[PDB]
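Beneath this line is the structure, given in structure tokens, with notes to follow.
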Amino acid sequence: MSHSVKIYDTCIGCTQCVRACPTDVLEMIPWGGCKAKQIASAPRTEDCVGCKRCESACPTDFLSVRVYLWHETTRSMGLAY
Amino acid sequence: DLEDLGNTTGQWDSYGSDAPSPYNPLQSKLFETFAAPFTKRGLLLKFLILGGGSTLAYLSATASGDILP
Amino acid sequence: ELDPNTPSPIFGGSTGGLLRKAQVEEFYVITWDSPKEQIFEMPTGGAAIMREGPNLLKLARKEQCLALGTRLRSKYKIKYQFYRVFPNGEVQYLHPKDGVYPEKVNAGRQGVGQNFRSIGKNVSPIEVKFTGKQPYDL
Amino acid sequence: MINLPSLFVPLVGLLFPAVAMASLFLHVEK
Amino acid sequence: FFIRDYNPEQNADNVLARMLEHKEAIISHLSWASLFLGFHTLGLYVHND
Amino acid sequence: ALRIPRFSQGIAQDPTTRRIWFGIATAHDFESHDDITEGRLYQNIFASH
Amino acid sequence: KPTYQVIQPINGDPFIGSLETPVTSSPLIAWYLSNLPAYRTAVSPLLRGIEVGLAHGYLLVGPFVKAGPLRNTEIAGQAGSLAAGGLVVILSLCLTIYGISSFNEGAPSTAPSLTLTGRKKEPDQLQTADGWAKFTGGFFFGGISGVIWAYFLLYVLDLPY
Ligand code: CLA
Ligand code: CLA
Ligand code: CLA
Ligand code: CLA
Ligand code: CLA
Ligand SMILES: CCCCCCCCCCCCO[C@H]1O[C@H](CO)[C@@H](O[C@H]2O[C@H](CO)[C@@H](O)[C@H](O)[C@H]2O)[C@H](O)[C@H]1O
Ligand code: SF4
Ligand code: SF4
């Protein structure tokens with residue numbers, strides 16, 4: 001919000017789990033351990049569109065994720081052009 | 001190797017651009033103002049919009065005798 | 001565009017790729033390593049042979065470079081770069097910045113994750129109706 | 001003069017629209 | 001009301017709540033009316049046709 | 001890339017048409033668009049109707 | 001010689017595309033369109049306005065004088081200016097409130113020429129508003145006007161056949 005769809009989970013481990021998504025996600029931040037201990041819902045998100053390819057794979061274990069920014073770019077659209 | 005239409009031929013060569021037409025019919029400023037009302041404008045265009053459209057619509061309908069629908 | 005051909009990467013023509021508002025906004029070219037010359041899929045309906053380098057073709061929008069990337073690491077190599085061009089050079093510098101290959105640590109950047117509170121019971125509604133006294137703007 | 005009350009359909013159904021379709025292209029700009 | 005306004009701690013044990021709480025039933029003993037009111041009107045009207 | 005019809009900012013920007021279509025069809029949803037305070041809103045429905 | 005120019009797709013880089021081909025770009029097409037706005041701006045517009053206004057002018061006659069609402073007219077008017085003259089007005093301002101997309105506002109003044117322009121970067125705008133006026137001002141006196149040596153003329157006319 002301006003991109004706020006929660007995929008968070010608890011493991012935030014990313015091996016045989018999830019990577020897919022055009023740019024948006026650099027993660028691998030760590031947080032002071034969780035087993036695999038790469039955590040967070042996100043990296044800085046003012047770059048790309050609105051997939052839910054974001055889960056589809058590797059847990060979010062509450063909500064899926066989805067469309068919702070509303071507040072919508074063009075670059076975040078696909079079309080201006 | 002005689003034949004080749006030895007540099008055949010070129011043009012100068014295969015350029016085109018640099019003067020293909022004299023530009024335009026004379027008319028210089030056979031108009032210039034001539035009719036101003038779009039040649040004046042700052043500011044207009046309402047003015048005109050109520051006028052043109054007031055006749056068109058005003059006489060556009062009313063009268064003389066029917067001729068009805 | 002003859003007087004300078006810089007080119008590394010080899011299409012021929014297409015209807016495809018960028019049309020005007022790449023000039024008027026933000027530009028988006030991707031560049032890469034190669035071994036021995038191979039014939040490739042594209043974004044935009046297809047295809048070409050590479051050879052070498054810069055190996056620096058430019059794309060429309062960022063989804064497209066990364067999109068090869070998947071494309072580009074099946075059939076392999078390490079090295080793919082994608083940069084974002086303006087008209088007017090820089091800010092927003094896109095793949096360069098720290099490391100690459102997200103799935104590493106040096107640092108955090110980013111992200112949080114939670115807003116103010118964690119996933120648990122927002123059965124609880126939204127609260128006070130927007131006033132500029134209380135921390136609802138991040 | 002005889003038989004002539006035809007102006008409150010263009011001023012409205014025609015010209016009033018002209019105004020706003022013009023004018024209200026203030027949504028684009030002003 | 002349930003999303004923009006409405007206040008689960010402010011409401012609770014409390015009859016409007018309880019409506020959420022014992023809700024899975026509410027749609028069922030509703031959907032049981034329809035499905036019944038369904039095929040039974042539709043037996044009588046095709047059969048009749 | 002202009003700044004344009006206001007209450008929203010979110011809306012106020014996308015070039016893509018959504019800016020008009022949407023422009024009309026928030027107008028009415030007072031609570032929680034840009035302007036709004038519980039004192040605004042109320043009155044902003046009162047001198048409305 | 002080269003199978004079609006020194007064989008290029010576009011101006012040169014493939015990547016924008018447009019698959020430049022005949023009907024895009026043949027010495028023969030391309031030329032049938034440069035006093036006119038397609039490439040270069042001949043003159044500061046003001047004049048292009050009426051050859052544009054006028055040519056498009058005496059059109060829209062048999063369209064709405066031979067296909068008119070209750071057609072083949074017995075009236076003094078049509079053959080006719082009539083309604084069509086009304087269209088060039090609606091048209092011509094539907095045309096103006098587009099010259100509020102660009103204002104960009106100046107007089108520089110050059111229909112006079114220095115030095116082969118290049119425009120430089122004409123592509124894209126660099127038409128101020130005080131340009132798009134003198135065009136859609138030429139448009140009115142091109143539309144209305146170009147609507148009369150249409151009807152002024154007797155139609156000597158050719159019969160279906
Ligand atoms: C609310 C609306 C409404 C109204 C009031 C009208 C009204 C009209 N429509 Mg119409 N129409 C509408 C909605 C409407 N329409 C819609 C939604 C559609 C789409 C389905 C149409 C599709 C349609 C068609 C296809 C046609 C019409 C036509 C007409 C006209 C029929 C009679 C006529 O000749 O006009 C009376 C007046 C005029 C046409 C303009 C008169 C201007 C003259 C007096 C000027 C000439 C003198 C001189 C040059 C000017 C002097 C200026 C000086 C001061 C400098 C009439 C004006 C027909 C028509 O107009 O053909 C002739 C026909 O074309 N309509
Ligand atoms: C066969 C037809 C059919 C019918 C009967 C309808 C009927 C309707 N459609 Mg619709 N529609 C259709 C086919 C149809 N549609 C198709 C094929 C598409 C696309 C595939 C659409 C896409 C569509 C959309 C997106 C919407 C509608 C809406 C509507 C409703 C709005 C009615 C209204 O009064 O607006 C009146 C319309 C106008 C006033 C705008 C027209 C502007 C013109 C006249 C300007 C002319 C420009 C001129 C040259 C400039 C001169 C300048 C001058 C102004 C100064 C109406 C129920 C709307 C809706 O749902 O609203 C409730 C809207 O959402 N339709
Ligand atoms: C004419 C309609 C068609 C039919 C038959 C139905 C039927 C139904 N809709 Mg429905 N619906 C329709 C069009 C239809 N809808 C349309 C166009 C829309 C909007 C786009 C909706 C939107 C809608 C909603 C929102 C809901 C329903 C619901 C329902 C169910 C409500 C329970 C009921 O009425 O009795 C039961 C059904 C009938 C009387 C229909 C006949 C079903 C049986 C008898 C099949 C016959 C067996 C046959 C011999 C074997 C053939 C199969 C094969 C082996 C050859 C019912 C199944 C609701 C629901 O889910 O209820 C729990 C609710 O969710 N509908
Ligand atoms: C009204 C139009 C419609 C539109 C918007 C387009 C648009 C386009 N067409 Mg196209 N086309 C159309 C109808 C249309 N076409 C039809 C009906 C055909 C016949 C099948 C074609 C066959 C065609 C081909 C083969 C090509 C295109 C191409 C194109 C694209 C670029 C070419 C260009 O603009 O060069 C500029 C065009 C001109 C300067 C046109 C000049 C011709 C005038 C002067 C004729 C005047 C008529 C004369 C008085 C007498 C003829 C009488 C009558 C029989 C017509 C562009 C997207 C090209 C493409 O795919 O993209 C690169 C491709 O080459 N078209
Ligand atoms: C979409 C099409 C369809 C078509 C083909 C027509 C056609 C017609 N309608 Mg009509 N009508 C329609 C849908 C249509 N209508 C619908 C949907 C409605 C209800 C919404 C109506 C309601 C209606 C009414 C009330 C009337 C008509 C009338 C007419 C006639 C007069 C048109 C006129 O003079 O305008 C002027 C025409 C022009 C300015 C045409 C110029 C441009 C054309 C040639 C297209 C450009 C192509 C061009 C040649 C490009 C080729 C390449 C080039 C470079 C060479 C004409 C027969 C009138 C009539 O009385 O019928 C006999 C009557 O007023 N219509
Ligand atoms: C009906 C009156 C026609 C006679 C022309 C004088 C009025 C024209 C309107 C402009 C009003 C000011 O008078 C004007 O005279 C000439 C216009 O023709 C200009 O002389 C020249 O420079 C102008 C200023 O940018 C430009 O429009 C042109 O390049 C050119 O006309 C004077 O710079 C200007 O001051
Ligand atoms: S998708 Fe979920 S589980 Fe997987 S890494 Fe991301 S946050 Fe963790
Ligand atoms: S699709 Fe979703 S998760 Fe993936 S990059 Fe886009 S916003 Fe992020």
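Within each chain, counting starts at residue 1; across the structure tokens, chains are named A, B, ... in the order shown, with ligands numbered 1 upward in that order.
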Could you list, as a ChimeraX atom specification, all protein and nucleic acid residues with an atom at most 10 Å from ligand 8, counting only C-alpha atoms and all ligand atoms? /A:3-7,19-26,41-56,65-69,76 /C:63
Check: which chain F residues lie within 8 Å of chain D using only C-alpha atoms, as a ChimeraX atom specification: /F:4-5,20
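For the set G:125, G:76, G:26, G:68, the residue with the smallest atom-to-atom gap to chain C is G:125, counting only C-alpha atoms.
For ligand 4, the neighbouring protein, DNA and RNA residues, which are those within 7 Å when only C-alpha atoms and all ligand atoms are counted, are residues 18, 19, 20, 21, 22, 23, 24, 25, 29 and 30 of chain G.
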Could the residues in this selection be saved with N, CA and C atoms as an mmCIF file, in the first residue's frame?
data_model
loop_
_atom_site.group_PDB
_atom_site.id
_atom_site.type_symbol
_atom_site.label_atom_id
_atom_site.label_comp_id
_atom_site.auth_asym_id
_atom_site.auth_seq_id
_atom_site.Cartn_x
_atom_site.Cartn_y
_atom_site.Cartn_z
ATOM 1 N N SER G 18 7.887 -2.247 -36.416
ATOM 2 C CA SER G 18 7.404 -1.461 -37.549
ATOM 3 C C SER G 18 7.901 -1.980 -38.883
ATOM 4 N N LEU G 19 8.820 -2.928 -38.851
ATOM 5 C CA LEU G 19 8.831 -3.948 -39.874
ATOM 6 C C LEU G 19 8.689 -3.096 -41.063
ATOM 7 N N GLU G 20 9.563 -2.107 -41.154
ATOM 8 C CA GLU G 20 9.435 -1.106 -42.187
ATOM 9 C C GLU G 20 9.593 -1.736 -43.561
ATOM 10 N N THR G 21 8.602 -1.467 -44.405
ATOM 11 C CA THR G 21 8.296 -2.264 -45.575
ATOM 12 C C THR G 21 7.602 -1.315 -46.486
ATOM 13 N N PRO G 22 7.210 -1.813 -47.653
ATOM 14 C CA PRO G 22 6.463 -0.937 -48.510
ATOM 15 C C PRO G 22 5.258 -0.596 -47.693
ATOM 16 N N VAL G 23 4.789 0.623 -47.905
ATOM 17 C CA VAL G 23 3.549 1.191 -47.378
ATOM 18 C C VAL G 23 3.614 1.773 -45.964
ATOM 19 N N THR G 24 4.663 1.337 -45.256
ATOM 20 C CA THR G 24 5.591 2.209 -44.537
ATOM 21 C C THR G 24 6.530 3.156 -45.274
ATOM 22 N N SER G 25 7.393 2.602 -46.126
ATOM 23 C CA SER G 25 8.529 3.372 -46.588
ATOM 24 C C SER G 25 9.119 3.143 -47.969
ATOM 25 N N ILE G 29 5.970 6.001 -51.837
ATOM 26 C CA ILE G 29 4.918 6.518 -50.972
ATOM 27 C C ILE G 29 5.440 7.759 -50.393
ATOM 28 N N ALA G 30 6.662 7.640 -49.936
ATOM 29 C CA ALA G 30 6.997 8.357 -48.735
ATOM 30 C C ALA G 30 6.812 9.772 -49.124
#
Show me which residues are within 6 Å of ligand 3 counting only C-alpha atoms and all ligand atoms, and format the list as number ranges by chain. E: 31, 34-35, 38-39, 42
For ligand 1, list the contacting residues at 8 Å or closer, counting only C-alpha atoms and all ligand atoms, as a ChimeraX atom specification. /B:51-52,55-61 /D:9-10,12-14 /G:64,68-70,77,81-86
Print the selection's residues with N, CA, C and O atoms to a file, as a compact mmCIF listing (two decimals), in the first residue's frame.
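Okay, this is what ended up in result.txt:
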# COMPACT_ATOMS: atom_id res chain seq x y z
N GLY B 51 -22.26 31.88 -30.37
CA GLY B 51 -22.76 32.33 -31.67
C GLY B 51 -23.01 31.27 -32.73
O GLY B 51 -24.13 31.10 -33.19
N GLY B 52 -21.99 30.51 -33.10
CA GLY B 52 -22.25 29.62 -34.23
C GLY B 52 -23.44 28.83 -33.85
O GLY B 52 -24.37 28.66 -34.59
N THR B 55 -26.95 30.36 -33.85
CA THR B 55 -27.73 30.31 -35.06
C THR B 55 -27.99 28.92 -35.39
O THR B 55 -29.12 28.62 -35.72
N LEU B 56 -26.96 28.08 -35.43
CA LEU B 56 -27.27 26.87 -36.13
C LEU B 56 -28.55 26.42 -35.45
O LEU B 56 -29.61 26.37 -36.06
N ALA B 57 -28.52 26.30 -34.14
CA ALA B 57 -29.71 25.76 -33.51
C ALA B 57 -31.00 26.62 -33.61
O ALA B 57 -32.08 26.10 -33.76
N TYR B 58 -30.85 27.94 -33.48
CA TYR B 58 -31.97 28.85 -33.48
C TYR B 58 -32.73 28.83 -34.78
O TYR B 58 -33.95 28.63 -34.81
N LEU B 59 -32.04 28.97 -35.89
CA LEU B 59 -32.91 29.02 -37.04
C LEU B 59 -33.08 27.63 -37.50
O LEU B 59 -34.07 27.26 -38.07
N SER B 60 -32.12 26.82 -37.08
CA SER B 60 -32.08 25.42 -37.43
C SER B 60 -33.42 24.82 -37.10
O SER B 60 -33.89 23.91 -37.81
N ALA B 61 -33.96 25.21 -35.94
CA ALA B 61 -35.41 25.21 -35.77
C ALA B 61 -35.90 26.55 -35.30
O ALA B 61 -35.60 26.96 -34.19
N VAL D 9 -35.24 21.89 -27.11
CA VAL D 9 -34.73 20.52 -27.27
C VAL D 9 -33.29 20.55 -27.78
O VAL D 9 -32.51 19.70 -27.36
N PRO D 10 -32.94 21.52 -28.66
CA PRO D 10 -31.50 21.69 -28.92
C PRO D 10 -30.74 22.39 -27.78
O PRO D 10 -29.75 21.85 -27.30
N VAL D 12 -31.18 22.28 -24.89
CA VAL D 12 -30.99 21.18 -23.94
C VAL D 12 -30.39 19.95 -24.62
O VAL D 12 -29.18 19.81 -24.67
N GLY D 13 -31.23 19.07 -25.17
CA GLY D 13 -30.77 17.80 -25.74
C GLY D 13 -29.60 17.86 -26.72
O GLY D 13 -28.97 16.83 -26.99
N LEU D 14 -29.32 19.05 -27.28
CA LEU D 14 -28.19 19.25 -28.20
C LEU D 14 -27.13 20.21 -27.66
O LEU D 14 -26.03 19.77 -27.36
N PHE G 64 -23.89 13.98 -47.34
CA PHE G 64 -25.16 14.50 -46.82
C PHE G 64 -25.88 15.58 -47.68
O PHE G 64 -26.24 16.67 -47.17
N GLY G 68 -28.46 12.36 -47.83
CA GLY G 68 -29.24 13.13 -46.85
C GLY G 68 -30.53 12.48 -46.39
O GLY G 68 -31.03 11.56 -47.05
N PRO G 69 -31.12 13.00 -45.28
CA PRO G 69 -32.02 12.24 -44.40
C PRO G 69 -33.32 11.88 -45.11
O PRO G 69 -33.80 10.73 -45.02
N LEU G 70 -33.88 12.86 -45.81
CA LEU G 70 -34.86 12.57 -46.83
C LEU G 70 -34.18 13.11 -48.09
O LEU G 70 -34.16 14.33 -48.31
N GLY G 77 -31.07 25.33 -50.92
CA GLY G 77 -29.94 25.08 -50.02
C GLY G 77 -28.96 23.95 -50.32
O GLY G 77 -27.76 24.16 -50.33
N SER G 81 -24.56 23.41 -48.74
CA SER G 81 -23.97 23.76 -47.48
C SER G 81 -24.92 23.23 -46.44
O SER G 81 -24.59 22.31 -45.71
N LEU G 82 -26.04 23.84 -46.10
CA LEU G 82 -26.92 23.11 -45.16
C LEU G 82 -26.35 22.73 -43.71
O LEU G 82 -25.65 23.47 -42.93
N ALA G 83 -26.59 21.48 -43.38
CA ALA G 83 -26.08 20.82 -42.23
C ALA G 83 -24.60 20.62 -42.28
O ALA G 83 -23.99 20.61 -41.25
N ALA G 84 -24.02 20.31 -43.42
CA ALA G 84 -22.58 19.98 -43.49
C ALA G 84 -21.70 21.09 -42.95
O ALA G 84 -20.65 20.84 -42.39
N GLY G 85 -22.08 22.33 -43.26
CA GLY G 85 -21.44 23.55 -42.80
C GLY G 85 -21.61 23.53 -41.30
O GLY G 85 -20.68 23.90 -40.53
N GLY G 86 -22.73 22.98 -40.84
CA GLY G 86 -22.84 22.74 -39.40
C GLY G 86 -21.84 21.73 -38.81
O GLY G 86 -21.32 21.88 -37.70
Within-7 Å residues of ligand 6, basis only C-alpha atoms and all ligand atoms, as a list in words: residues 33 of chain B; 107, 108 and 109 of chain G
How would the residues just chosen look if you wrote them out with N, CA, C and O atoms as a PDB file, in the first residue's frame?
ATOM      1  N   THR B  33      -4.110  37.790 -42.089  1.00  0.00           N
ATOM      2  CA  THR B  33      -5.136  37.943 -41.112  1.00  0.00           C
ATOM      3  C   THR B  33      -6.218  37.020 -41.587  1.00  0.00           C
ATOM      4  O   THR B  33      -7.036  36.527 -40.808  1.00  0.00           O
TER       5      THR B  33
ATOM      6  N   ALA G 107       5.321  33.145 -29.010  1.00  0.00           N
ATOM      7  CA  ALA G 107       5.709  33.304 -30.417  1.00  0.00           C
ATOM      8  C   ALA G 107       7.239  33.239 -30.442  1.00  0.00           C
ATOM      9  O   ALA G 107       7.876  34.053 -29.763  1.00  0.00           O
ATOM     10  N   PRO G 108       7.845  32.229 -31.126  1.00  0.00           N
ATOM     11  CA  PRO G 108       9.081  32.313 -31.937  1.00  0.00           C
ATOM     12  C   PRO G 108       8.993  32.858 -33.330  1.00  0.00           C
ATOM     13  O   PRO G 108       9.728  33.761 -33.667  1.00  0.00           O
ATOM     14  N   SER G 109       8.028  32.377 -34.103  1.00  0.00           N
ATOM     15  CA  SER G 109       7.842  32.881 -35.480  1.00  0.00           C
ATOM     16  C   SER G 109       8.466  32.271 -36.737  1.00  0.00           C
ATOM     17  O   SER G 109       8.432  32.937 -37.759  1.00  0.00           O
TER      18      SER G 109
END
Would you return as JSON, numbers by chain the members of chain C that DSSP assigns to alpha helix (DSSP H) on this structure's backbone? {"C": [63, 64, 65, 66, 67, 68, 69, 70]}
Between A:36, A:11, A:77, A:17, single out the one closest to chain F, counting only C-alpha atoms. A:77
